[PDB]
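J.: Structure: start24.txt, compact mmCIF, N, CA, C and O atoms.
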```txt
# COMPACT_ATOMS: atom_id res chain seq x y z
N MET A 1 91.83 88.12 83.11
CA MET A 1 91.97 86.64 83.17
C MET A 1 92.52 86.23 84.54
O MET A 1 91.76 86.04 85.48
N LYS A 2 93.84 86.10 84.63
CA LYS A 2 94.48 85.71 85.88
C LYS A 2 95.32 86.86 86.45
O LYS A 2 96.21 87.38 85.77
N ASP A 3 95.04 87.23 87.69
CA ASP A 3 95.77 88.31 88.35
C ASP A 3 96.72 87.72 89.40
O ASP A 3 96.67 86.52 89.68
N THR A 4 97.57 88.56 89.97
CA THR A 4 98.52 88.10 90.98
C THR A 4 97.79 87.63 92.23
O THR A 4 96.58 87.41 92.21
N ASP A 5 98.54 87.47 93.32
CA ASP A 5 97.97 87.01 94.58
C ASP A 5 97.98 88.13 95.62
O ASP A 5 98.81 89.04 95.55
N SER A 6 97.06 88.06 96.57
CA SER A 6 96.97 89.05 97.64
C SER A 6 98.00 88.78 98.72
O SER A 6 98.16 89.55 99.66
N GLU A 7 98.71 87.66 98.59
CA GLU A 7 99.71 87.31 99.57
C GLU A 7 100.73 88.43 99.67
O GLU A 7 101.22 88.76 100.76
N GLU A 8 101.04 89.02 98.53
CA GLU A 8 101.99 90.12 98.48
C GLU A 8 101.48 91.31 99.28
O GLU A 8 102.26 92.06 99.86
N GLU A 9 100.16 91.48 99.31
CA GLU A 9 99.55 92.58 100.04
C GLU A 9 99.83 92.45 101.53
O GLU A 9 100.16 93.43 102.21
N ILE A 10 99.71 91.23 102.04
CA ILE A 10 99.96 90.97 103.45
C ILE A 10 101.44 91.16 103.77
O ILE A 10 101.79 91.69 104.82
N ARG A 11 102.29 90.72 102.85
CA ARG A 11 103.74 90.83 103.03
C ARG A 11 104.16 92.29 103.14
O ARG A 11 105.07 92.63 103.90
N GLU A 12 103.51 93.16 102.37
CA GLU A 12 103.85 94.58 102.41
C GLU A 12 103.75 95.07 103.84
O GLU A 12 104.60 95.84 104.31
N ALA A 13 102.73 94.61 104.55
CA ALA A 13 102.53 94.99 105.94
C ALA A 13 103.74 94.58 106.78
O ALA A 13 104.11 95.28 107.73
N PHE A 14 104.36 93.46 106.43
CA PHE A 14 105.54 93.00 107.16
C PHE A 14 106.80 93.73 106.68
O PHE A 14 107.66 94.10 107.48
N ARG A 15 106.90 93.92 105.36
CA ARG A 15 108.07 94.58 104.79
C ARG A 15 108.31 95.93 105.46
O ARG A 15 109.43 96.44 105.47
N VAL A 16 107.26 96.49 106.03
CA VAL A 16 107.37 97.77 106.73
C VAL A 16 108.35 97.65 107.89
O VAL A 16 109.11 98.58 108.17
N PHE A 17 108.33 96.51 108.56
CA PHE A 17 109.21 96.28 109.70
C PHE A 17 110.56 95.72 109.24
O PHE A 17 111.55 95.81 109.97
N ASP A 18 110.60 95.15 108.04
CA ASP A 18 111.85 94.60 107.51
C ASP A 18 112.62 95.68 106.76
O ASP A 18 112.68 95.67 105.53
N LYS A 19 113.21 96.62 107.50
CA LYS A 19 113.97 97.70 106.88
C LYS A 19 115.27 97.19 106.29
O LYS A 19 115.84 97.81 105.39
N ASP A 20 115.73 96.06 106.78
CA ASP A 20 116.97 95.47 106.29
C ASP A 20 116.75 94.79 104.95
O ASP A 20 117.68 94.65 104.15
N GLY A 21 115.52 94.36 104.70
CA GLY A 21 115.20 93.70 103.44
C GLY A 21 115.88 92.34 103.34
O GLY A 21 116.21 91.88 102.25
N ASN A 22 116.10 91.70 104.49
CA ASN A 22 116.75 90.39 104.51
C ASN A 22 115.72 89.27 104.61
O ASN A 22 116.07 88.09 104.60
N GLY A 23 114.44 89.64 104.70
CA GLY A 23 113.38 88.65 104.80
C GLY A 23 113.00 88.38 106.26
O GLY A 23 112.23 87.47 106.55
N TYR A 24 113.55 89.18 107.17
CA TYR A 24 113.26 89.01 108.59
C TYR A 24 112.99 90.35 109.26
O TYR A 24 113.45 91.40 108.80
N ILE A 25 112.28 90.30 110.38
CA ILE A 25 111.97 91.51 111.15
C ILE A 25 112.33 91.23 112.61
O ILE A 25 112.17 90.11 113.08
N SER A 26 112.80 92.24 113.33
CA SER A 26 113.16 92.02 114.72
C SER A 26 111.94 91.53 115.49
O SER A 26 110.84 92.06 115.34
N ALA A 27 112.12 90.50 116.31
CA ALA A 27 111.02 89.96 117.10
C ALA A 27 110.52 90.97 118.13
O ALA A 27 109.33 91.04 118.42
N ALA A 28 111.45 91.72 118.72
CA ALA A 28 111.10 92.69 119.76
C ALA A 28 110.15 93.79 119.25
O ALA A 28 109.22 94.17 119.96
N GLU A 29 110.39 94.30 118.05
CA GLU A 29 109.53 95.36 117.51
C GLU A 29 108.13 94.84 117.24
O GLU A 29 107.16 95.59 117.26
N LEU A 30 108.03 93.54 116.99
CA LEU A 30 106.74 92.93 116.72
C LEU A 30 105.85 93.09 117.94
O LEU A 30 104.67 93.45 117.82
N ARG A 31 106.41 92.81 119.11
CA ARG A 31 105.64 92.91 120.34
C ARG A 31 105.09 94.32 120.50
O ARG A 31 103.90 94.50 120.74
N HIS A 32 105.96 95.32 120.37
CA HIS A 32 105.52 96.71 120.51
C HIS A 32 104.49 97.05 119.44
O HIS A 32 103.49 97.71 119.72
N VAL A 33 104.76 96.61 118.23
CA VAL A 33 103.87 96.85 117.10
C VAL A 33 102.50 96.20 117.31
O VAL A 33 101.47 96.77 116.93
N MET A 34 102.49 95.01 117.89
CA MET A 34 101.24 94.29 118.12
C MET A 34 100.52 94.80 119.37
O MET A 34 99.32 94.57 119.53
N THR A 35 101.25 95.48 120.25
CA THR A 35 100.64 96.00 121.47
C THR A 35 100.51 97.52 121.41
O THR A 35 99.75 98.10 122.19
N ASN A 36 101.26 98.16 120.52
CA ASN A 36 101.23 99.62 120.41
C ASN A 36 100.52 100.11 119.15
O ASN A 36 99.81 101.12 119.18
N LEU A 37 100.71 99.41 118.03
CA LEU A 37 100.08 99.82 116.77
C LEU A 37 98.88 98.95 116.41
O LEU A 37 98.91 97.73 116.57
N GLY A 38 97.83 99.60 115.90
CA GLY A 38 96.61 98.91 115.49
C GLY A 38 96.02 98.09 116.63
O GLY A 38 96.73 97.30 117.25
N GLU A 39 94.72 98.29 116.89
CA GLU A 39 94.00 97.57 117.95
C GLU A 39 94.96 96.75 118.80
O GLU A 39 95.33 95.64 118.44
N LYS A 40 95.41 97.34 119.90
CA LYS A 40 96.39 96.69 120.77
C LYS A 40 95.98 95.27 121.14
O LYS A 40 94.83 95.01 121.48
N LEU A 41 96.96 94.35 121.08
CA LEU A 41 96.72 92.95 121.43
C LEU A 41 97.04 92.73 122.91
O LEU A 41 97.83 93.47 123.49
N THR A 42 96.44 91.71 123.51
CA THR A 42 96.70 91.41 124.91
C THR A 42 97.94 90.54 125.04
O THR A 42 98.44 90.00 124.04
N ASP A 43 98.46 90.39 126.26
CA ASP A 43 99.65 89.58 126.47
C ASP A 43 99.41 88.15 125.99
O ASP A 43 100.29 87.53 125.40
N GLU A 44 98.22 87.64 126.27
CA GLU A 44 97.87 86.28 125.87
C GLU A 44 97.93 86.14 124.35
O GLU A 44 98.42 85.15 123.82
N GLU A 45 97.44 87.17 123.65
CA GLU A 45 97.47 87.16 122.20
C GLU A 45 98.90 87.32 121.70
O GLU A 45 99.31 86.66 120.74
N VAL A 46 99.66 88.20 122.36
CA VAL A 46 101.05 88.44 121.98
C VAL A 46 101.90 87.20 122.23
O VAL A 46 102.73 86.83 121.40
N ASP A 47 101.71 86.55 123.38
CA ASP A 47 102.49 85.36 123.71
C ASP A 47 102.29 84.27 122.67
O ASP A 47 103.24 83.63 122.23
N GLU A 48 101.04 84.07 122.27
CA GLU A 48 100.73 83.06 121.27
C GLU A 48 101.44 83.40 119.96
O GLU A 48 101.95 82.52 119.27
N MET A 49 101.46 84.69 119.65
CA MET A 49 102.12 85.18 118.44
C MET A 49 103.63 84.94 118.51
O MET A 49 104.25 84.56 117.52
N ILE A 50 104.20 85.18 119.69
CA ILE A 50 105.65 85.00 119.90
C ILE A 50 106.06 83.55 119.71
O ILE A 50 107.11 83.27 119.12
N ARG A 51 105.25 82.63 120.21
CA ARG A 51 105.56 81.21 120.08
C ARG A 51 105.57 80.81 118.61
O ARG A 51 106.28 79.88 118.21
N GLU A 52 104.80 81.53 117.81
CA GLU A 52 104.73 81.27 116.38
C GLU A 52 105.66 82.20 115.61
O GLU A 52 106.05 81.91 114.48
N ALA A 53 106.01 83.34 116.22
CA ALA A 53 106.89 84.31 115.56
C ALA A 53 108.27 83.73 115.29
O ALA A 53 108.81 83.92 114.20
N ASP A 54 108.83 83.04 116.30
CA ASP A 54 110.17 82.42 116.20
C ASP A 54 110.92 82.53 117.53
O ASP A 54 110.74 81.72 118.44
N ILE A 55 111.77 83.54 117.61
CA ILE A 55 112.59 83.79 118.79
C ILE A 55 113.13 82.50 119.38
O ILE A 55 113.12 82.32 120.60
N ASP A 56 113.62 81.61 118.54
CA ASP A 56 114.19 80.37 119.05
C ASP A 56 115.35 80.72 119.96
O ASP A 56 115.53 80.13 121.03
N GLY A 57 116.13 81.70 119.53
CA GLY A 57 117.28 82.17 120.28
C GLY A 57 118.11 83.13 119.44
O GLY A 57 119.29 83.35 119.71
N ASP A 58 117.47 83.70 118.41
CA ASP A 58 118.16 84.64 117.53
C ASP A 58 117.68 86.07 117.75
O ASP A 58 118.42 87.03 117.50
N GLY A 59 116.44 86.23 118.21
CA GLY A 59 115.89 87.56 118.46
C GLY A 59 115.28 88.17 117.20
O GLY A 59 114.93 89.35 117.19
N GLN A 60 115.15 87.36 116.15
CA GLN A 60 114.57 87.84 114.89
C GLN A 60 113.40 86.96 114.48
O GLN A 60 113.30 85.80 114.87
N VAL A 61 112.50 87.54 113.69
CA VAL A 61 111.31 86.83 113.22
C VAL A 61 111.18 86.88 111.71
O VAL A 61 111.34 87.94 111.10
N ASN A 62 110.86 85.74 111.12
CA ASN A 62 110.67 85.67 109.68
C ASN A 62 109.19 85.82 109.35
O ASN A 62 108.40 84.92 109.64
N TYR A 63 108.80 86.95 108.77
CA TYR A 63 107.40 87.18 108.45
C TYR A 63 106.86 86.10 107.51
O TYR A 63 105.65 86.01 107.30
N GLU A 64 107.75 85.30 106.95
CA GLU A 64 107.32 84.25 106.04
C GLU A 64 106.35 83.31 106.76
O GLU A 64 105.27 83.00 106.25
N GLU A 65 106.75 82.83 107.94
CA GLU A 65 105.91 81.91 108.71
C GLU A 65 104.55 82.55 109.03
O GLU A 65 103.52 81.89 108.93
N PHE A 66 104.56 83.82 109.41
CA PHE A 66 103.31 84.50 109.72
C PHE A 66 102.40 84.50 108.50
O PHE A 66 101.20 84.27 108.60
N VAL A 67 103.00 84.74 107.34
CA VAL A 67 102.25 84.74 106.09
C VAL A 67 101.66 83.36 105.83
O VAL A 67 100.51 83.24 105.41
N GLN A 68 102.45 82.32 106.07
CA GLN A 68 101.98 80.97 105.84
C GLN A 68 100.76 80.69 106.70
O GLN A 68 99.77 80.14 106.22
N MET A 69 100.81 81.10 107.97
CA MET A 69 99.66 80.88 108.84
C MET A 69 98.47 81.61 108.25
O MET A 69 97.36 81.08 108.20
N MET A 70 98.71 82.84 107.80
CA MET A 70 97.66 83.66 107.21
C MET A 70 97.19 83.09 105.87
O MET A 70 96.12 83.43 105.39
N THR A 71 98.01 82.22 105.27
CA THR A 71 97.67 81.63 103.98
C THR A 71 97.64 80.10 104.07
O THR A 71 97.72 79.42 103.06
N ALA A 72 97.51 79.58 105.29
CA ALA A 72 97.47 78.14 105.50
C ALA A 72 96.22 77.74 106.28
O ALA A 72 96.31 77.00 107.26
N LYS A 73 95.07 78.23 105.84
CA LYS A 73 93.81 77.91 106.52
C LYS A 73 92.63 78.20 105.61
O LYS A 73 92.68 79.18 104.89
N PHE B 1 112.77 99.28 116.85
CA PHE B 1 111.70 99.47 115.83
C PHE B 1 112.30 100.17 114.61
O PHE B 1 112.41 99.57 113.54
N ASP B 2 112.68 101.43 114.78
CA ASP B 2 113.27 102.19 113.68
C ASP B 2 112.35 102.19 112.47
O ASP B 2 112.79 101.93 111.35
N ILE B 3 111.07 102.49 112.69
CA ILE B 3 110.10 102.53 111.60
C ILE B 3 109.36 103.86 111.61
O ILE B 3 109.40 104.59 112.60
N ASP B 4 108.68 104.17 110.52
CA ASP B 4 107.94 105.41 110.43
C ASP B 4 106.59 105.28 111.15
O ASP B 4 105.57 105.00 110.52
N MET B 5 106.61 105.48 112.46
CA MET B 5 105.39 105.38 113.25
C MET B 5 104.38 106.43 112.80
O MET B 5 103.18 106.17 112.73
N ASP B 6 104.89 107.62 112.49
CA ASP B 6 104.05 108.72 112.05
C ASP B 6 103.34 108.39 110.74
O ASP B 6 102.19 108.78 110.53
N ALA B 7 104.03 107.69 109.85
CA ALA B 7 103.45 107.34 108.56
C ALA B 7 102.17 106.51 108.75
O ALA B 7 102.23 105.41 109.31
N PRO B 8 101.02 106.97 108.28
CA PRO B 8 99.74 106.19 108.41
C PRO B 8 99.87 104.77 107.87
O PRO B 8 99.19 103.85 108.34
N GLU B 9 100.72 104.59 106.87
CA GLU B 9 100.91 103.27 106.27
C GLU B 9 101.38 102.26 107.31
O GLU B 9 100.89 101.13 107.34
N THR B 10 102.32 102.67 108.16
CA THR B 10 102.82 101.77 109.19
C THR B 10 101.70 101.37 110.14
O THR B 10 101.55 100.19 110.47
N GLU B 11 100.91 102.35 110.56
CA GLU B 11 99.80 102.08 111.47
C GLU B 11 98.77 101.18 110.80
O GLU B 11 98.24 100.25 111.42
N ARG B 12 98.49 101.45 109.53
CA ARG B 12 97.53 100.65 108.78
C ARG B 12 98.03 99.22 108.62
O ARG B 12 97.26 98.27 108.71
N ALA B 13 99.33 99.08 108.38
CA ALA B 13 99.92 97.76 108.20
C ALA B 13 99.75 96.92 109.47
O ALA B 13 99.46 95.73 109.40
N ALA B 14 99.93 97.56 110.62
CA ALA B 14 99.78 96.87 111.89
C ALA B 14 98.36 96.33 112.05
O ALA B 14 98.15 95.22 112.53
N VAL B 15 97.39 97.14 111.64
CA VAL B 15 95.99 96.76 111.74
C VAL B 15 95.68 95.54 110.87
O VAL B 15 94.97 94.63 111.30
N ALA B 16 96.19 95.54 109.64
CA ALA B 16 95.94 94.43 108.72
C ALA B 16 96.46 93.12 109.29
O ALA B 16 95.77 92.10 109.25
N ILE B 17 97.68 93.14 109.83
CA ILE B 17 98.25 91.93 110.40
C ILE B 17 97.43 91.47 111.60
O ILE B 17 97.11 90.29 111.74
N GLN B 18 97.11 92.43 112.47
CA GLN B 18 96.33 92.13 113.67
C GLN B 18 94.93 91.65 113.32
O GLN B 18 94.42 90.70 113.92
N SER B 19 94.31 92.29 112.33
CA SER B 19 92.98 91.90 111.91
C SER B 19 93.00 90.46 111.40
O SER B 19 92.15 89.65 111.76
N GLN B 20 93.99 90.16 110.57
CA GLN B 20 94.14 88.83 110.02
C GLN B 20 94.46 87.83 111.13
O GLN B 20 93.95 86.71 111.13
N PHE B 21 95.29 88.25 112.07
CA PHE B 21 95.67 87.38 113.18
C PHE B 21 94.44 86.98 113.99
O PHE B 21 94.26 85.81 114.31
N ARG B 22 93.61 87.96 114.32
CA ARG B 22 92.40 87.68 115.10
C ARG B 22 91.51 86.70 114.35
O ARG B 22 90.97 85.76 114.94
N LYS B 23 91.35 86.92 113.04
CA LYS B 23 90.52 86.04 112.22
C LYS B 23 91.14 84.65 112.14
O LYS B 23 90.44 83.64 112.13
N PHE B 24 92.47 84.60 112.09
CA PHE B 24 93.19 83.33 112.01
C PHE B 24 92.86 82.46 113.22
O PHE B 24 92.57 81.27 113.09
N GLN B 25 92.90 83.07 114.41
CA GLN B 25 92.61 82.34 115.64
C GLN B 25 91.18 81.80 115.62
O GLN B 25 90.93 80.68 116.05
N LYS B 26 90.25 82.61 115.13
CA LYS B 26 88.85 82.19 115.07
C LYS B 26 88.69 80.98 114.16
O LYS B 26 87.92 80.07 114.46
N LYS B 27 89.40 80.98 113.04
CA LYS B 27 89.32 79.87 112.09
C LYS B 27 89.79 78.58 112.74
O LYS B 27 89.21 77.52 112.53
N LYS B 28 90.85 78.67 113.54
CA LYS B 28 91.39 77.50 114.22
C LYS B 28 90.35 76.90 115.15
O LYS B 28 90.16 75.68 115.19
N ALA B 29 89.67 77.76 115.90
CA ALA B 29 88.64 77.31 116.83
C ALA B 29 87.33 77.04 116.10
O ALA B 29 86.38 76.52 116.68
N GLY B 30 87.28 77.42 114.82
CA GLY B 30 86.07 77.21 114.03
C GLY B 30 85.78 75.73 113.84
O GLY B 30 86.69 74.91 113.81
N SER B 31 84.49 75.40 113.72
CA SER B 31 84.08 74.01 113.53
C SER B 31 83.16 73.88 112.31
O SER B 31 82.45 74.82 111.96
N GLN B 32 83.19 72.72 111.68
CA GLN B 32 82.36 72.48 110.50
C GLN B 32 80.88 72.56 110.87
O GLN B 32 80.03 72.79 110.00
N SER B 33 80.58 72.38 112.15
CA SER B 33 79.20 72.44 112.61
C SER B 33 79.15 72.71 114.11
O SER B 33 79.72 71.92 114.85
```
Go through the file and emit its structure as C-alpha cells.

T.:
Amino acid sequence: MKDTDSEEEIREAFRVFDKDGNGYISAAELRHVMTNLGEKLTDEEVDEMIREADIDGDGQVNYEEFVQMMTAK
Amino acid sequence: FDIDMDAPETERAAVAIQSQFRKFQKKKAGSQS
C-alpha cells in the first residue's frame, strides 16, 4: 500500500559525514568529499554548493538544507 | 573528515549526493519548453 520515503535514503549519504549525529556535518569535509570522493566536482560546482551548504560563520553544514534542495524541485 | 574513506559505502554515498547535485542544477536551468 504505502511505503516510506526515499528522502531517508539520501540522508543516509549525509549521515556518513555526520559522525556526531547532531544533524550537522563539517563544511570543510564536504569540499574534500565533493572534490575527492565520487566524480570530482569543479571549484565552480563546489563554490555554488558552499553558498548553499551554509558556512555563515560556524564552519558547519546542515545536510537538512541540501536534502530540501534535493527534495524541493 | 574522520570518515571511513576505505569503506565503499562512503564512496558510494559521495556519488549519490554528487549525482543528485548535478541533476538538481540541470532542473534549475530546465525549461517547460

J.: May I have the residues of chain B within 8 Å of chain A, counting only C-alpha atoms, written as a tab-separated table (two decimals) with N, CA, C and O atoms, in the coordinates of the input?

T.:
```tsv
chain	number	residue	atom	x	y	z
B	1	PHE	N	112.77	99.28	116.85
B	1	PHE	CA	111.70	99.47	115.83
B	1	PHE	C	112.30	100.17	114.61
B	1	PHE	O	112.41	99.57	113.54
B	3	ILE	N	111.07	102.49	112.69
B	3	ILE	CA	110.10	102.53	111.60
B	3	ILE	C	109.36	103.86	111.61
B	3	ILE	O	109.40	104.59	112.60
B	10	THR	N	102.32	102.67	108.16
B	10	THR	CA	102.82	101.77	109.19
B	10	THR	C	101.70	101.37	110.14
B	10	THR	O	101.55	100.19	110.47
B	11	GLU	N	100.91	102.35	110.56
B	11	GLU	CA	99.80	102.08	111.47
B	11	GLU	C	98.77	101.18	110.80
B	11	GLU	O	98.24	100.25	111.42
B	12	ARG	N	98.49	101.45	109.53
B	12	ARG	CA	97.53	100.65	108.78
B	12	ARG	C	98.03	99.22	108.62
B	12	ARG	O	97.26	98.27	108.71
B	13	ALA	N	99.33	99.08	108.38
B	13	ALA	CA	99.92	97.76	108.20
B	13	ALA	C	99.75	96.92	109.47
B	13	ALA	O	99.46	95.73	109.40
B	14	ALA	N	99.93	97.56	110.62
B	14	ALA	CA	99.78	96.87	111.89
B	14	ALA	C	98.36	96.33	112.05
B	14	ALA	O	98.15	95.22	112.53
B	15	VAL	N	97.39	97.14	111.64
B	15	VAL	CA	95.99	96.76	111.74
B	15	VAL	C	95.68	95.54	110.87
B	15	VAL	O	94.97	94.63	111.30
B	16	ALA	N	96.19	95.54	109.64
B	16	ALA	CA	95.94	94.43	108.72
B	16	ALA	C	96.46	93.12	109.29
B	16	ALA	O	95.77	92.10	109.25
B	17	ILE	N	97.68	93.14	109.83
B	17	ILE	CA	98.25	91.93	110.40
B	17	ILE	C	97.43	91.47	111.60
B	17	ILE	O	97.11	90.29	111.74
B	18	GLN	N	97.11	92.43	112.47
B	18	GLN	CA	96.33	92.13	113.67
B	18	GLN	C	94.93	91.65	113.32
B	18	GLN	O	94.42	90.70	113.92
B	20	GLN	N	93.99	90.16	110.57
B	20	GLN	CA	94.14	88.83	110.02
B	20	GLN	C	94.46	87.83	111.13
B	20	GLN	O	93.95	86.71	111.13
B	21	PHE	N	95.29	88.25	112.07
B	21	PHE	CA	95.67	87.38	113.18
B	21	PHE	C	94.44	86.98	113.99
B	21	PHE	O	94.26	85.81	114.31
B	24	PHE	N	92.47	84.60	112.09
B	24	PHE	CA	93.19	83.33	112.01
B	24	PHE	C	92.86	82.46	113.22
B	24	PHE	O	92.57	81.27	113.09
B	27	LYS	N	89.40	80.98	113.04
B	27	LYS	CA	89.32	79.87	112.09
B	27	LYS	C	89.79	78.58	112.74
B	27	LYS	O	89.21	77.52	112.53
```

J.: Atom O of residue A:57 and atom N of residue B:2 are how many Å apart?

T.: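 Calculated distance between atom O of residue A:57 and atom N of residue B:2 is 19.9 Å.
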
J.: As an exercise, work out the distance from atom CA of residue A:58 to atom CA of residue A:23 in Å and give it to one decimal place.

T.: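 Pair atom CA of residue A:58 / atom CA of residue A:23 returns 14.2 Å.
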
J.: Taking the DSSP assignment computed from this structure's backbone, write out as a PyMOL selection string all residues of chain B that belong to alpha helix (DSSP H).

T.: chain B and resi 8-29

J.: State, in Å with one decimal place, the distance from atom CA of residue A:63 to atom C of residue A:3.

T.: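 These two atoms are separated by 21.8 Å.
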
J.: Kindly provide, as JSON, the centre and edge lengths (Å, one decimal) of an axis-aligned box around all atoms of stretch 31-35 of chain A given in the file, with 3 Å on each side.

T.:
```
{"center_x": 102.9, "center_y": 95.5, "center_z": 119.6, "size_x": 13.1, "size_y": 11.3, "size_z": 11.3}
```
